[PDB]
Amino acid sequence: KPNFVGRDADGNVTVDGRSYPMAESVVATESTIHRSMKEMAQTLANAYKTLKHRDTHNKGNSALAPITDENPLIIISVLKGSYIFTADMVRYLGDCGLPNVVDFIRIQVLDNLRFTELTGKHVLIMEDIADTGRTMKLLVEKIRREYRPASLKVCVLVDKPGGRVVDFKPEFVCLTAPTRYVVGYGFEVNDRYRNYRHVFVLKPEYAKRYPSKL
């Protein structure tokens, strides 16, 4: 399970024998990424499994209902960067027995949510990264104003505390990284390297490597 990190004949970063010429260094290997996400899953389960919110399964019941398959935790995943993080995370949530459903928002909102009944529900946002915090600050503001959830929290895979310049603080953080551009496991440069299993610091000379439009 542990991934071997080294260097090849050239100066290139290697992980399990495969060379990553775009990488300056490794932020976290896949085994490290999944271990923290498994622990975050237990953290999320402990924080939500006993909570109660509005019963929309049985609308004739005025009492708050526990988090079950009938009234699951609402997870909002931020495309495109969070879909791999989200796919792994909700599987670990199932391992911890926390019922949840996922809808996607794409961000300026490009693709709106299709879920409509978030009022008085516990809602969790799954985002790939929090750097300056501007994106998630406005997203949290918009969801609070338009949907009025019972609670609204944010779970990020990577937090860059050194970059925060607005009043935003994610409740749940898997990994903490420096203020460098990272790629891999959802992170990309013009959509490249998104499917890599590890998170790397990108070489600065690769930052403008693909200027052409997709």
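Throughout, rigid core stands for the largest set of C-alpha atoms superposing within 1.5 Å between the two forms. Residue numbers here begin at 1 and follow the sequence given.
J.: Rigid core superposed, root mean square over structures and residues, which stretch has C-alphas farther from this form in 4 other deposited structures of this protein, 161 to 169 or 47 to 55?
T.: It is 161 to 169 that deviates more in 4 other deposited structures of this protein.
J.: Can you check if, in at least a third of the other PDB entries compared, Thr86 has no modelled coordinates?
T.: No, none of the compared structures omit it.
J.: Across the other PDB entries of this protein that model residues on both sides of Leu113, is it left without coordinates in at least a third of them?
T.: No; none of the other entries leave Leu113 out.
J.: Which class describes the count of deposited residues lacking coordinates between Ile107 and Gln108: none, 1 to 3, 4 to 9, or 10 or more?
T.: Unresolved stretch here: 10 or more residues.
J.: Please compare 128 to 136 with 74 to 82 and name the stretch with the higher mean C-alpha B-factor in the deposited structure.
T.: Higher of the two, by average CA B-factor, is 128 to 136.
J.: Look up the CA B-factors in the entry and say which stretch, 98 to 106 or 85 to 93, has the higher mean.
T.: According to the PDB entry, the answer is 98 to 106.
J.: Between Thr50, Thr56, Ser36, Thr43, which one tops the list for C-alpha B-factor in the PDB entry?
T.: By C-alpha B-factor in the record, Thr50 ranks first.
J.: Could you tell me which one of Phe172, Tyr147, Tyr185, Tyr181 shows the highest CA temperature factor in the PDB record?
T.: Spelled out: the listed residue with the top C-alpha B-factor is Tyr147.
J.: Would the CA B-factor of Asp159 place it in the lowest, middle or highest third of its chain?
T.: It belongs to the middle third of the chain when residues are ordered by C-alpha B-factor.
J.: Mind checking which third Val13 falls in for C-alpha B-factor across the chain?
T.: Middle third - that is where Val13 ends up once the chain's C-alpha B-factors are sorted.
J.: Lowest, middle or highest third: where is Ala63 by C-alpha B factor in its chain?
T.: For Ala63, the deposited C-alpha B-factor lands in the highest third.
J.: Could you tell me which third, lowest, middle or highest, the C-alpha B-factor of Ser151 occupies within its chain?
T.: CA B-factor rank for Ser151: highest third.
J.: Should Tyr20 be placed in the lowest, middle or highest third of its chain by the C-alpha B factor in the entry?
T.: CA B-factor rank for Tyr20: middle third.
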